[PDB]
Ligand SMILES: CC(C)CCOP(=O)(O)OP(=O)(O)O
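Next up: a single chain in structure tokens, the form solved without this ligand.
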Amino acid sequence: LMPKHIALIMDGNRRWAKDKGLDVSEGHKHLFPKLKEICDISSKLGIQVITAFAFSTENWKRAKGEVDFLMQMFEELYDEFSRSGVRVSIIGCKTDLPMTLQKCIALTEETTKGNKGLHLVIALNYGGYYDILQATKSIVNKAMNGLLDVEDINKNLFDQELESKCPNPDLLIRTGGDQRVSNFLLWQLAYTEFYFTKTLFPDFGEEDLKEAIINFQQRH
């Protein structure tokens, strides 16, 4: 049966450019266009949610120039998705981002929130550790304020406090050939089927998605 929620680690944009002797911006520029395409194909197949990893909390360790390029490119979010009919949410630590990107995110969420087709969750300055830590801080604050006791700390409470929520990913696709989750949705991937492909993200098409979904369906 068709996965309701797919998680996507969009790796290989760098590499794609480097392998060809092009500068890394050439690879990064495929990010939103390819994600848009994947959203279009996915909603036709009936997939209801995509959580896509655009920028890790660890990606701040890249060269300043690259990071600055990415943060500027990410402001194309509005132009790319505002009129797509996709409902867009961002997860991750928004207040560490440039204010203009924060406004771009806030506007894109506001204008697409009424859309009732595919829901795209973009994980931008996100990590599994971060999500669990922020959820833990909120739980501690509630305990400090007499709103719950230690024995009320259960899976359902965390699911309420985490940024990536139930229903969790049925399938995770990671392009680019590495076989790690790389601090993506650690809590949420507990029972997710993993699918890894050597195919670089800019070369990942409908036939690659279909093949992953088929591989997923034949494991049932």
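Note that residue numbering begins at 1 and tracks the sequence as displayed.
In this crystal structure, the stretch out of 40-48 and 65-73 whose C-alpha atoms carry the higher mean B factor is 40-48. Note on 142-150 vs 89-97: mean CA B-factor is higher in 142-150.
For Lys113, the recorded CA B-factor ranks within the highest third of the chain. Only modelled residues enter the ranking. Per the PDB record, residue ranking by Cα B-factor puts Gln102 in the middle third of the chain.
When the CA B factors of the chain's modelled residues are split into thirds, the value for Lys137 lands in the lowest one. Among all modelled residues in its chain, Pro202 ranks in the middle third by Cα B-factor. When the CA B factors of the chain's modelled residues are split into thirds, the value for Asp11 lands in the lowest one.
Although it is not shown, the form deposited with this ligand bound is what the next lines describe.
Taking the pose of this ligand in the deposited bound form and superimposing the nearby C-alphas onto this chain, the site is open, with no ligand atom within 2.4 Å of backbone or C-beta atoms.
Residues with any non-hydrogen atom within 4.5 angstroms of this ligand in the deposited bound form fall in just one of 39-47, 148-156, 174-182, 161-169: 174-182. Taking the partner from the other structure, this ligand in the deposited bound form has no heavy atom within 4.5 Å of any heavy atom of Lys29. Put simply, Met10 is close to this ligand in the deposited bound form: some heavy atom of it is within 4.5 Å. When this ligand is considered in the deposited bound form, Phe55 lines it closely, a heavy atom lying within 4.5 Å.
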